[PDB]
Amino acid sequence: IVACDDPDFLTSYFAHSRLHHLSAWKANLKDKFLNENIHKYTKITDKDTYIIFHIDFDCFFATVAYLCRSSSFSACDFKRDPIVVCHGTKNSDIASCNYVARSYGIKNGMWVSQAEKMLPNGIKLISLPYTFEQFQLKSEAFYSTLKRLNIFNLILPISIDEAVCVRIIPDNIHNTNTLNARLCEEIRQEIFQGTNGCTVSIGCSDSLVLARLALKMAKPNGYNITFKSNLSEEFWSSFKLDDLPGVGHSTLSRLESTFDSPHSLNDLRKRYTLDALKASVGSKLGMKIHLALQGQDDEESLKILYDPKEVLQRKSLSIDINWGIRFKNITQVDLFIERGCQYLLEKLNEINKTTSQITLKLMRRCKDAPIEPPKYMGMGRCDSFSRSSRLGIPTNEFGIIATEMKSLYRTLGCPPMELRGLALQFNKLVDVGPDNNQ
């Protein structure tokens, strides 16, 4: 047990946090792409007609944690048992659940306690531990396989378990559903072999948004090919409103209020107007959804194809610790802030940059919220506060940055015992060149 005032807290928390792993893995994949392409020009031009293959592991952590499970779980059956990956037994996040579990309504992000109640009696939840190194090794085999196939002009990392793969079609060549199905089946088989038993699903289309939707329709362990020319009511009626990229719970609530609770993308596209859309969820998001309901990408989403090097380039650097934060005095808070700045500057030096603007954000216990929340060591119900500061000169100096971060904490006025979370941010990064004379 490592408490937050222990010097090892940051190391231990990040070693156990799957959300930290997800972000660190994604950051590393983007840096790797930039390094491998520093002298290449595989970007998509206006002259290119392309097919998108959106490829994603099915129930990634659950599949891999199963395939690598310890001898204690040897009898576990991936096809018949409801399986989750999680740390705990009660108010612990289900990071991933297999499709047996999902047949009872269990979802990624659910607490174990909530998921257990959806099982009929006699049906036992199997909880597997995280296998983080294995997750990374399987993802390595995934990206290795995608490259080795020599069928994509551009391979964009989305996450540890997901990539957007672009195939350029010469007008020389007549593309067909038959060829696309064969490519999907090749990819699915080669990844199944290369990962020793993991399955991917694939969405294949001529836009990013349709490929994402096709991917959802393909799961589990399948593929779907839906081009703009194949769109139909049957397609749109198959999707929930929050199946649309960019539509989470808050946008969903607004759409349901404005449009009389649509229950499918078909309902929505028959009811909406562009203007009512923009009024409900905002102008840019409204335009994105409007175009999406046409099967079309918006300008912002297309930038990753036209200029992947710019989109994938890191523009900020931060840490967030909103779990296990229980400090008794300002001395201990300040030491934790110093430890966090040390960690961030190590990352900042690895990428050979300085920073010209920093932010501290905190979570503070709501005045009427219990001191110990339902989730062990959780932040609970909180109010958020943030404050930023522009540095005079771009710098990587601990003394300057840590001192200003601690000043920023002081100006937010949160008593140490009320603190439930801290984020430390370098908002603007500046290159370091060969000329540092003045």
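In this text, the rigid core denotes the largest set of C-alpha atoms whose superposition between the two forms falls within 1.5 Å. Note that residue numbering begins at 1 and tracks the sequence as displayed.
Two stretches, 320-328 and 115-123, are weighed by how far their CA atoms sit from the shown form in 8 other deposited structures of this protein after rigid core superposition; the farther one is 115-123. In 8 other deposited structures of this protein, superposed on the rigid core, the segment with the larger root-mean-square CA displacement between 364-372 and 126-134 is 364-372. In this entry, 175-183 has the higher mean Cα B-factor, the comparison being between 133-141 and 175-183. Per-stretch averaging of Cα B factors for 284-292 and 356-364 places 284-292 on top. When the Cα B-factors of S159, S127, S261, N329 are read from the PDB record, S261 comes out highest. Residues shown: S74, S201, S238, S92. Highest C-alpha temperature factor in the entry: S74. Per the deposited record, the Cα B-factor of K303 falls in the middle third when ranked against the other modelled residues of its chain. Per-chain ranking of the deposited C-alpha B factor places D383 in the middle third.
Among the modelled residues of its chain, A214 has a C-alpha B-factor that falls in the middle third, as given in the PDB entry. In this PDB entry, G109 carries a Cα temperature factor that places it within the middle third of its chain's modelled residues.
Sorting the modelled residues of the chain by their CA temperature factor places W323 in the lowest third.
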